[PDB]
Amino acid sequence: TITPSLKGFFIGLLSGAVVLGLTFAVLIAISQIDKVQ
Amino acid sequence: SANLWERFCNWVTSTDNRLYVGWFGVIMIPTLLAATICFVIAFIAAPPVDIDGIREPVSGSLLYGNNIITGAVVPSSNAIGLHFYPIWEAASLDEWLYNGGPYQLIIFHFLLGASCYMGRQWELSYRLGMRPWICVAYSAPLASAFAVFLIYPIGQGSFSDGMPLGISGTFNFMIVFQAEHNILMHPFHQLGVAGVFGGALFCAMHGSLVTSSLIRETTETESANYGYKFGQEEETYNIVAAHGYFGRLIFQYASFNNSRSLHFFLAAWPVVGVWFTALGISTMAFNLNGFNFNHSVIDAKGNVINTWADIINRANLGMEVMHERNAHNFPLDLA
Amino acid sequence: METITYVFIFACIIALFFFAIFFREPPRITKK
Amino acid sequence: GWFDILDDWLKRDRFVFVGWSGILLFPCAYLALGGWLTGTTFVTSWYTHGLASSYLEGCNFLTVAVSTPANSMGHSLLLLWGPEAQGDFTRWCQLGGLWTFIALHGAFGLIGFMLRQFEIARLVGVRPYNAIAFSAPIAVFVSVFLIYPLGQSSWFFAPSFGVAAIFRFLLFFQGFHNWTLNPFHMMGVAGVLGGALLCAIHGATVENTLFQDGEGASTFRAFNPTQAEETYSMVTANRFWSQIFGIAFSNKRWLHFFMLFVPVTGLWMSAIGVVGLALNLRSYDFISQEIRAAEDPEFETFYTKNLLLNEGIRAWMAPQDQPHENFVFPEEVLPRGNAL
Amino acid sequence: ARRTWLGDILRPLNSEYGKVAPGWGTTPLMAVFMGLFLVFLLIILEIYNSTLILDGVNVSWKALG
Amino acid sequence: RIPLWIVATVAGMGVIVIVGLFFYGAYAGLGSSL
Amino acid sequence: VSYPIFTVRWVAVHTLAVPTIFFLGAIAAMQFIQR
Amino acid sequence: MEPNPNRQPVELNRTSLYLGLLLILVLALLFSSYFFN
Amino acid sequence: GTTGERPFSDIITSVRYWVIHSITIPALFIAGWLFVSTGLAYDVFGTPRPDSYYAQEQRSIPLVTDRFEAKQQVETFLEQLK
Amino acid sequence: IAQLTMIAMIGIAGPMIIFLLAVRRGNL
Amino acid sequence: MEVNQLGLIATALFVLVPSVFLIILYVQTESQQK
Amino acid sequence: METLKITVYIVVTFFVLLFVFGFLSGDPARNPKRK
Ligand SMILES: CCCCCCCCCCCCCCCCCC(=O)OC[C@H](CO[C@@H]1O[C@@H](CO[C@H]2O[C@@H](CO)[C@H](O)[C@H](O)[C@H]2O)[C@H](O)[C@H](O)[C@@H]1O)OC(=O)CCCCCCCCCCCCCCCCC
Ligand code: CLA
Ligand SMILES: C=Cc1c(C)c2cc3nc(c4c5[nH]c(cc6nc(cc1[nH]2)C(C)=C6CC)c(C)c5C(=O)[C@@H]4C(=O)OC)[C@@H](CCC(=O)OC/C=C(\C)CCC[C@H](C)CCC[C@H](C)CCCC(C)C)[C@@H]3C
Ligand SMILES: CC(C)=CCC/C(C)=C/CC/C(C)=C/CC/C(C)=C/CC/C(C)=C/CC/C(C)=C/CC/C(C)=C/CC/C(C)=C/CC/C(C)=C/CC1=CC(=O)C(C)=C(C)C1=O
Ligand SMILES: CC1=C(/C=C/C(C)=C/C=C/C(C)=C/C=C/C=C(C)/C=C/C=C(C)/C=C/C2=C(C)CCCC2(C)C)C(C)(C)CCC1
Ligand SMILES: CC1=C(/C=C/C(C)=C/C=C/C(C)=C/C=C/C=C(C)/C=C/C=C(C)/C=C/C2=C(C)CCCC2(C)C)C(C)(C)CCC1
Ligand SMILES: [Cl-]
Ligand SMILES: [Fe+2]
C-alpha cells in the first residue's frame, strides 16, 4: 500500500493541480479588471 | 506566297498554335522526341550495361528481369569516362548497348531540349506581352538535372558516375553520394531541403488560407468551385479576411496583405533554395564536401568523445566500404 | 506477364495525356 | 458570469492573440522550445548514448542535440518525479528525461496550435482549411516521434532532437528499413517535392502575368490591398501554360485547393509508411529478385546493389549506434569490397 | 408521414427534439466526472507503463497461471 | 530619441561579433579537434 | 496616445528575450574552456 | 410511394475524369511492382 | 492596424529604454557567463567535465543498463572517479 | 596579438562617414 | 519470373474498378439534358 | 555506320540553321506593341 511510486504519483498529481490553479486564479482575476462595452 | 520563309517564320512563331512550337522549339521538339523515344525502348528492352568498366554488366530493363521500381537506363561505361560515344563510334549496336551508349544519347538530348524548353518559356511570354522571368523559376529544376547529369560527371571524370535513369538507380546515386561527400552535412543541401520543405509548407499555407477565405456564391450542396468563372473581373477570395486570420495566428506584421509580395515570396523561396541545392551537387562535383567533424570533441586525456557526427561516419563507411565491390584495386578512392 | 502489365499502364497514361491535352473542355470566358 | 468575463479577456484582440487555446499552446510550446534550447547547450548524452551532445561539451549547432533515453528505460514516460529520476533533476537530465519532456510537451503544443487556428478561424469567421492542412504535420510528428518508437524496443530508437542526430535517423532507415524503396515514402516525396513545385510555379506565374497598375518598375506598390479586380491576368496565364505545357489551370478556386491537397496528402502517406515501419513491416525486398539472385550469380540490378549498401551500413554502424547490445564484430566478419 | 404500430409505441421517445435545460444546466457536475475520468485514465496508463508500480499488481505475463 | 538606423547598425555589428566569437571558438574550444 | 508598459506582449517578449541573452552569455563563455 | 424529396443529381466533369484516371493509373504504376513482388 | 501596445519603434528609440537595458542586457549576459565559468552549469546538468568521461584506465562507457535502479547505477558510475 | 584593435576602428569608420553627414545634415 | 500469382489480377482490378467508377459517372453526367 | 554519322550531322545542321536564321529574322519585331 502507498508505495514510493504511488507517493510520487500524488506529488505530480498535486504539483499539477497547483499549476492549473495559480493559472486559472491569475487568469480569472485579471479577466475581471477590464473588458468594458 | 508573301514569301515561303517569311511565312514559315510566321507559323513557327505563331501564337495561334495549340502548342507553341517556338524558335527554341525547333531544337526542342526533335531532341526531346529522340530522348524520349530512345529511353522508352531502352528501359523496356535494352540489355545489361558494364557501367563500372569492369566487365560486370548491370541489367536494368524490364525484359531483362527488372520491374518499374528497380529498372533503369544504365550510365555509359567507366572505360569510356568522359569520351563522346555516339552510335557511329561503335563497331556495332551490340557493342554500343553493352557500353551503355543509350545513356549518353539520352542525357545529351534531354539536357539540350530541357534548356530550349526554358528558352521557350521566355519566347511565348514575349509573343504574349507578359513579363519574362517564369523561365527563371524553371532554371532551378533545370540547373539540377544539369548538376546531376553533367556537372557531377565532368567533375568526377566519367559519365558512369552520373545519376542513373531509374527509381532504384537514383537511390544508388544518393546513398553513394552521401558516403563519398557527406552531403547531409553540407550547407547547400540543407538550404535545399529548407526550400523543398518550405515550398511544400508555403504551398499548403497559401493553398489553405486562400481556399478558406473564398466569397460565398455557391449552394450548400454545390461544388464550392463553381463559384468561379474563367475570365472574372474581381477577385474570388477575401484577401483581407485571409490576412485578418493569418495575422492573428502569429501576429500582424508577420503576415502578408500584399498579394504581389506574397506571390513573389512564394516563388522566390523554393527557387532560391533549389538553386543552392543544385550548386551543392555542382560543388561537391569538385570534391568540396560537407563539414567533417570526425573526432572533434575529445576529452582531457585525448580520448575521442563521439558526437552524432561520428555515428554518421560509421553509416558512411558502411556505404563506402561496400559500394562497387570489385571496382577498387587500391587504398584511396580518388574516383 | 509483368512486363506487359507495366507497359500497358504506361501506354494508358500516355493515351490519357493525349486526350487531356487535345480533348479537354475548351476553357470559356465570362459567360461560363 | 466570470466565465464570459474570462472569455472576454482571452479573446481580446492583442498583439499576440491569446485565446482559450493559448492556455494549452503557450505553456507547452514554450517548454518544448525551452527544453531543446536548454539541452542543446547544457545537458549531455553520455550516460545515454556515450555521446557528447551539448555546446558545453564542445558540440556545434550541427552536432548538438537532445538525445533519446537509454534503451533500458524502454517506453517509460520518464517523469521528473517518476521511479527513474525520483524527483531528482540532474539525474533526470542524465537519463534523458529531457527527451520525453520535449516530445510530450511539444506534442500537446501542436494540439493547442491547431486548436488555435480552429478558434481564431471561428472568431474571424473564415473557413478552417488552415487547420485541416495542419493535420499533415501532426501526423508526421505523431507517427515518427511517438508511434514509431512505440513499436520498437523503446524511445531510444525514436529520432533524437538535433540536426546531425536526425541525419543518422535517415541513414538508419535506409540501412535497416530500406525506406527509400517504400511506396508510401515515395508518395511522400512526390507530394513535398511536387508541393514545392506548385509553390514556385504558381508564384512565378503570378508575378510575370501581372497587369500594370502603376507607373513604376517596382510593381509591388501597385497593389490594391482592397480587392476589386484580379491583380494578374488569370486569362493570360491559362493561355501561356496551355501552349507550353499543354495543360493549364482555369479556376483559381481549384488551383488553390489543389495546393492544399498535394503536400498534405503527401505527408499523410509518408506517415502511414512509417506507422508500418514501427512493426518493422517494411518494404525491404522484392522476393522474385532475391530468388533469381540466389540461383543465378550474374543477375545484377540497381536494387541488389543497394541492398549491399545496406548490409554495410548495418554492419559498420550497429556497434556504436546500439551500445546496449554490446556488439563486437571482429574485423574478419565486417563486409567489405576489394581494397576499400 | 406514415404511422405504424411500432411507430406509435415509440412515438414518445422521439419528440422532445430541441428541448434543452436552461443556462449552464448540469455542466459543472459533468466537468467533475470528466476530470475524474481524466485522472482515472492517467492511472491505468501509468500502471501499464510501469511508471506507477503497486505491489500486488505485477504488469507481466506472470501474475498469470 | 536614438536614430533607428543607428540602433540597427550597432545591434548589427554586435551580432557579427558574438556570432564571430563562436566561429573562432571552433578552432580553439572543445569542439576543436586538437 | 497614453500607452501602458507592462502588457501581455511585454511578458512574452521577455520570456524569450531574457533567457536568450542569458544563453548567449553562457555560450560565449564556453569558447574558452579547454584541456 | 411518394417520390423521395431528398435526392439531388450527381456530377463528374471531364477534367475530373482525367484527374481521376491520371491518379488511378499512376498509383497502379506505383503499386504493381509490389503486388507482383 | 493597431492595438494597445506601445509601438516597438518608439521604445527601441526611447533613451529611457537604453538607460534601462544598457544595465539589464549586459546584466543577464555576465550572469550566464559566470554560470558556465564557475562550473555551476556542470553540476546543474550532470554534464562531464573534460576530465570526467572515463576513469584514468577504463575505456568503457558508463551506459545506464536498467530503468528502475538507474539513478543508483548512475551514482556508482560517478564513483570510479568517472 | 590583438589586432582586433584594427578592425574595430576601420569598422566604426564606415558608419562614421555617414553619421558625420547626419550631423552636417546633407547629401545622403 | 518468380512473381506473385495474384499480382496480375490485383493490378487489373485496381485499375479497372475505380476507372469504371469514374467513367460511369462522367458519361451519366455528360448525358444529362440541358 | 559512317553513313549514319553523315545523316545525323546533316539533320542537326538543318535545325541549327533554322534556329539562327530564325532569331536573325527580326525577332524583336514579333510581339504585341513597340517594334
Ligand atoms: C532558402 C531560402 C533562402 C535563405 C538563404 C539565406 C542564406 C544562407 C547562407 C548559407 C551559407 C553557409 C556558409 C557556411 C560557411 C562555413 C564557414 C567555415 O568555413 O567554417 C568551418 C569551421 C569548421 O570548424 C572546425 O572544422 C575542423 C578544422 O580542422 C582542421 O583544421 C585545423 C585547425 O585549423 C587542424 O589542424 C585540424 O587537424 C584539421 O582537421 C575541425 O573539426 C574543428 O574542430 C572545427 O570544428 O566552422 C564551422 O563550421 C563551425 C560552425 C558550424 C555552423 C555552420 C552552420 C551552417 C548552416 C547552413 C545554413 C543553411 C541552414 C538552412 C536553414 C534555413 C532555415 C529557414
Ligand atoms: C497547462 C498546460 C500544461 C500541460 C497540459 C502539461 C502537461 C504535462 N507536463 Mg508540463 N508544465 C507546465 C504546463 C503544462 N504541462 C508548466 C507551465 C510547467 C513549468 C512549471 C511544466 C513543467 C513540467 C515538468 C517539470 C514536468 C512536466 C511533465 C508533464 C507531462 C506529465 C505530467 C503529469 O503526469 O501530469 C498529471 C496531471 C495532472 C496533475 C492533472 C490533474 C487534474 C485534475 C482535474 C485535478 C484533480 C486533483 C485532485 C488532487 C485529485 C483527486 C483524486 C484523489 C483520488 C487523490 C504532461 C505531458 C513531466 C514530463 O515532461 O515528463 C516526461 C515533468 O517532469 N511539466
Ligand atoms: C521540417 C520542416 C517543417 C517545419 C520546421 C515546419 C514548421 C512549422 N509549420 C507551421 C505551420 C504549418 N505547416 C504547414 C504545412 C507543412 N509544414 C511542413 C514542414 C515543416 N513545417 C510541410 C511539409 C507541410 C505540408 C504538409 C501548415 C499548413 C501550417 C500552419 O498553419 C502553421 C503556420 O502557422 O504556418 C506558418 C509552423 C507551426 C508553429 C507552431 O506550431 O508553434 C506552436 C508549437 C510549438 C512551438 C511546439 C513545437 C513542438 C515540437 C513538436 C517539438 C520540436 C522540438 C524542438 C523545439 C525543435 C528543434 C529540433 C530540430 C533540430 C530537429 C511551424 C513554423
Ligand atoms: C517504359 C516504362 C514503363 C516507363 C516507366 C518510367 C518510370 C520509371 C516512371 C515511373 C513513374 C512513377 C510510377 C512514379 C510514382 C510517383 C507517384 C505516382 C506518386 C504517387 C502520387 C500520390 C497519389 C501521392 C499523393 C501525393 C500527391 C497528391 C502528389 C501529387 C503531386 C502532383 C500531381 C503535382 C503536379 C504538379 C504539376 C507539374 C502541375 C502543374 C500544373 C500547372 C500547369 C500549373 C501552372 C499554372 C500556374 C498558375 O499560377 C496559373 C494561374 C495557371 C492558370 C496555371 O496553369
Ligand atoms: C527545460 C526545463 C524548464 C525550463 C527552461 C526554459 C523555459 C528555458 C528556456 C530557454 C530559452 C528560451 C533559451 C534560448 C536560447 C537562445 C539562444 C542561445 C539563441 C541563439 C541564437 C543565435 C546564435 C542566432 C543567430 C543567427 C541566426 C539563427 C540566423 C542568421 C543570423 C544570426 C547569425 C543572427 C523547467 C524549469 C520548466 C523544467 C525542467 C525543464
Ligand atoms: C541588420 C541590419 C542593418 C545592419 C548593418 C550593419 C551592422 C552594418 C555595418 C557596417 C560596417 C561595420 C561597415 C564598415 C565599413 C568600413 C569601410 C567601408 C572601410 C573602409 C576602409 C578603408 C579604405 C581603410 C583603409 C586603411 C586603414 C583603416 C588602415 C591601414 C591602411 C589602409 C590605408 C589600407 C541595417 C541598419 C542596414 C538595416 C537592416 C538590418
Ligand atoms: Cl554500388
Ligand atoms: Fe495564389
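Residues numbered from 1 in each chain as written, not as in the entry; some residues may be left out. Chains lettered and ligands numbered in written order. Part of a larger assembly, values for the part shown. Heavy atoms only, no water. Residues with missing side-chain atoms left out of burial classes, pairs and counts.

Its PDB header attributes the entry to X-ray crystallography and lists the resolution as 2.90 Å.

**As for the interface of chain B and chain D**
Across the boundary between the two partners, chain B contributes 125 residues, which contact 111 residues of chain D. Interface area, chain B with chain D, both sides summed: about 10700 Å², of which 66% is carbon and sulfur. Area buried by chain B at its contact with chain D is led by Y245, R260 and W308 of chain B, which between them contribute 10% of it. For the pair chain B and chain D, the interface holds six salt bridges. In this structure, the salt-bridge partner of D16 of chain B is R239 of chain D, at a minimum N-O distance of 3.7 Å. (Contact = heavy atoms within 4.5 Å. Buried area = accessible area lost by both parts, 1.4 Å probe. Salt bridge = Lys/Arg side-chain N within 4 Å of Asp/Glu carboxyl O.)

**What about the interface of chain C and chain B?**
The accessible area lost on association of the parts is a frequent measure of interface size. Between chain C and chain B, the residue contacts involve 12 residues of the former and 12 residues of the latter. Taken as a group, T3, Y6 and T30 of chain C account for 41% of the area that chain C buries against chain B, more than any other trio of residues on that side. Taken together, chain C and chain B are joined by zero salt bridges. At the boundary of chain C and chain B, one finds two residue pairs in polar contact. Here the side of chain C that touches chain B is composed, by residue class, of seven nonpolar, two polar and three charged. (Polar contact = N/O pair within 3.5 Å; in protein donor to acceptor, adjacent residues only side chain to side chain. Nonpolar A, V, L, I, M, F, W, Y, C, P; charged D, E, K, R; others polar.)

**As for the UniProt feature "transmembrane region" in chain A**
The UniProt record marks residues 6-28 of chain A with the feature "transmembrane region", using the residue numbering of this structure. End-to-end, the C-alpha atoms of residues 6-28 of chain A are 32 Å apart, and along that stretch the chain is 100% helix and 0% strand. (UniProt positions renumbered as here; feature names shortened; annotations may be inferred. Helix = DSSP H or I, 4+ residues; strand = E, 2+ residues; numbered from the N terminus.)

**Regarding helix α4 (residues 70-79) of chain I**
Residues spaced three or four apart along an α-helix face the same direction, because each turn holds 3.6 residues. All names here are of chain I. Buried residues of α4: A70, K71, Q73, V74 and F77, and no others. Looking straight down α4, one finds its buried side chains confined to an arc of 160°; they lie on one side. Following α4 by one or two positions, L81 has its phi on the positive side, about 60°. (Buried < 20%, exposed > 50% of the residue type's maximum accessible area, 1.4 Å probe, protein only. Arc of directions from axis to C-beta.)

**Quick word on the nonpolar core**
Residues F42 of chain D together with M30 of chain G are the most contacted members of the largest nonpolar core, which totals 79 residues. Setting aside its immediate chain neighbours within four residues, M30 of chain G contacts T41, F42, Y55 and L56 of chain D together with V36 of chain I. Counting residues in each nonpolar core, the second largest holds 45 residues, with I183 of chain B, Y6 of chain C, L21 of chain H together with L25 of chain K among its members. (Core = buried A, V, L, I, M, F, W, Y, C linked by side-chain atoms within 4.5 Å.)

**Describing the site of ligand 4**
Inspection of the region around ligand 4 gives 30 residues, with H202, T205, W241 and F249 of chain D together with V26 of chain H positioned closest. Mapping the residues near ligand 4 onto chains gives chains B, C, D and H. Between ligand 4 and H202 of chain D there is a distance of 2.6 Å, counted from an oxygen atom to a side-chain nitrogen or oxygen. In this structure, an oxygen atom belonging to ligand 4 sits 2.8 Å away from a main-chain N or O atom of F249 of chain D. Protein burial of ligand 4: of its 1400 Å² of free accessible surface, 81% is covered by the chains. Only α2 (25-45) of chain B, α9 (183-207), α10 (234-244) and α11 (252-278) of chain D together with α1 (14-36) of chain H provide two or more residues apiece to the shell around ligand 4. Looking at the shell around ligand 4, the element that brings in the most residues is α9 of chain D, giving eight residues. The residue inventory of the shell around ligand 4, partitioned by class, reads 24 nonpolar, six polar and no charged. (Near = heavy atom within 4 Å. Areas by Shrake-Rupley, 256 points an atom, 1.4 Å probe, with all protein chains shown as cover.)

**Comments concerning the packing of helix α5 (residues 97-124) of chain D against helix α7 (residues 135-151) of chain D**
All names here are of chain D. Viewed as axis vectors pointing N to C, α5 and α7 meet at an angle of 160°, and their least axial separation amounts to 11 Å. Taken together, the axes of α5 and α7 are roughly antiparallel relative to one another. Read as a crossing pair, α5 and α7 show a hand that is left-handed. In this structure, α5 contributes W99, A103, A107, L110 and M114 to the contact, and α7 contributes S135, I138, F141 and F145. Its residues placed into classes, the contact of α5 with α7 shows eight nonpolar, one polar and no charged. (Axes fitted to C-alpha atoms, helices over the stretch in contact; angles between N-to-C directions. Parallel < 35°, antiparallel > 145°, perpendicular 65-115°, else oblique. Left-handed = near helix turned anticlockwise from the far one by under 90°.)

**Topic: the coordination of the iron ion (ligand 8)**
Each donor-metal-donor angle would ideally measure 109.5 degrees in four-coordinate tetrahedral geometry, or 90 or 180 degrees in six-coordinate octahedral geometry. At this site the iron ion (ligand 8) is bound by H206 of chain B (NE2), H263 of chain B (NE2), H202 of chain D (NE2) and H256 of chain D (NE2), with donor distances of 2.3 to 2.5 Å. Considering all four donor atoms around the iron ion (ligand 8), angles at the metal cover 76 to 159° and the coordination shape is irregular. Here the residue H263 of chain B occupies a position in helix α10 (residues 259-283), and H202 of chain D occupies one in helix α9, the pair thus bridging two chains. Accessibility expressed as a relative area gives 2% for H263 of chain B, which makes it buried. Taking the relative accessible area as the measure of exposure, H202 of chain D reaches 7% and is therefore buried. (Donors = N, O, S within 2.8 Å, 3.2 Å for Na, K, Ca; no water. Tetrahedral: all angles 85-135°; square planar, octahedral: opposite > 155°, others 65-115°.)

**Quick word on the coordination of the magnesium atom of ligand 2**
For the magnesium atom of ligand 2, the protein contributes exactly one donor atom, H105 of chain D (NE2), at 2.5 Å. Tracing the chain through its elements places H105 of chain D in helix α5.

**With respect to the site of ligand 6**
Taken together, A8, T9, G12 and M13 of chain F together with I10, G11 and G14 of chain J make up the full set of residues near ligand 6. Neighbouring residues of ligand 6 are not confined to a single chain but are spread across chains F and J. Expressed as a share of its isolated accessible area of 990 Å², the protein-covered part of ligand 6 is 31%. Residue assignment for the shell around ligand 6 shows that the elements contributing at least two residues are α1 (4-25) of chain F together with α1 (4-23) of chain J. For the shell around ligand 6, the leading source of residues is α1 of chain F, giving four residues. Looking at side-chain class alone, the shell around ligand 6 contains three nonpolar, four polar and no charged residues.

**Some thoughts on a nonpolar patch on the surface**
Among the surface-exposed residues, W5, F8 and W11 of chain B together with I6, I10, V11, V12, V16, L17, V20, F21 and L24 of chain L lie close enough to one another that they form a single nonpolar patch of about 1100 Å² accessible area. Looking at the nonpolar patch, the elements that each hand over two or more residues are α1 (4-12) of chain B together with α1 (2-24) of chain L. A per-element tally of the nonpolar patch places α1 of chain L first, with nine residues. In this fold, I10 of chain L is placed in helix α1. (Patch = residues over 30% accessible without salt bridge, like charges linked within 9 Å, V, L, I, M, F, W, Y side chains within 5 Å.)

**Side note on the UniProt feature "transmembrane region" in chain L**
Per the UniProt entry, the sites bearing "transmembrane region" are residues 3-24 of chain L in this numbering. Each end of residues 3-24 of chain L is marked by a C-alpha atom, and these two atoms are 32 Å apart; helix forms 100% of the span and strand 0%.

**Let's talk about the state of the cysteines**
Taken as a whole and assessed by the stated rule, the structure comprises zero disulfides over all chains. Free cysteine: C199 of chain D, not disulfide-bonded; nearest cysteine sulfur from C203 of chain B at 5.6 Å. (Disulfide = S-S within 2.5 Å.)

**As for the arrangement of the chains**
Contacts are most numerous, across the 26 pairs of chains in contact, for chains B and D. Of all C-alpha pairs spanning chain C and chain G, none lies closer than 48 Å, and the two are not in contact. Across all C-alpha pairs, the smallest distance from chain A to chain J is 45 Å, and the two are not in contact.

**Overview of the pattern of salt bridges**
All names here are of chain B. Counted under the stated rule, the structure contains 21 salt bridges over all chains. For the salt bridge of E56 with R325, the shortest nitrogen-to-oxygen distance reads 2.6 Å. One end of the pair, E56, is in the loop between α2 and β1 (72-73); the other, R325, is in the segment after α11 (308-322), and 269 residues separate them in sequence. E56 sits in the buried class, given a relative accessible area of 18%. Here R325 falls in the partly exposed class, since its relative accessible area comes to 29%.

**So, the side chain of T40 of chain D**
Looking at where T40 of chain D falls in the secondary structure, it is placed in helix α2 (residues 19-41). Excluding anything up to four places from it in sequence, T40 of chain D contacts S53, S54, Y55, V64 and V66 of chain D.

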